[PDB]
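There is one chain below, alone, in structure tokens, taken in the form deposited in one PDB entry.
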């Protein structure tokens, strides 16, 4: 059955007293699991009464341990890239447990270089990207990930 006039999209939302905007990073929780997953909000919408978020995935080292072949930094995670399962998932808004501070330390000029203070206060850092199809890490930021320009997936415009 076709659907029209049932959906709208948002730049932000407010939930459990917190203000979440596009490209913010969040903790997401699966049912029955207390250990969180890390994601980036790339789309926010409501269809009928169900609010959803499209999550571009961050992978913790423990999530991809059998693919690691070298040392990882303290608090390092990896931004998903490429195509296929594991890149992005549509989640209910209620799955978001809270906001997560993920700072990019990539040398790429499209990235705003954060302060050592910002790095010390960040929950996680990243400069490598996990191809969900080949399960390989790379330091090269793609032009686009999940249809979003790469420059929008790094650190914020202002500090």
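Residue numbers count along the first chain shown, from 1. For clarity, a rigid core is taken as the largest C-alpha set superposing within 1.5 Å between two forms.
Keep in mind the form solved in complex with a partner chain is missing from the figure; the text below concerns it.
Its partner chain is not drawn, but in the bound PDB entry it has no heavy atom within 4.5 Å of residue 108.
Its partner chain in the bound PDB entry comes within 4.5 Å of a heavy atom belonging to residue 67. Heavy atoms of residue 89 reach within 4.5 Å of its partner chain in the bound PDB entry, making it an interface residue.
Contact annotation: residue 63 falls within 4.5 Å of its partner chain in the bound PDB entry, judged by heavy atom distances.
Relative to the superposed rigid core, residue 70 undergoes a CA displacement smaller than 2 Å between the shown form and the other one. Shown in the overlay between the shown form and the other one, fitted on the rigid core, is a CA shift at residue 34 of 2 Å or greater.
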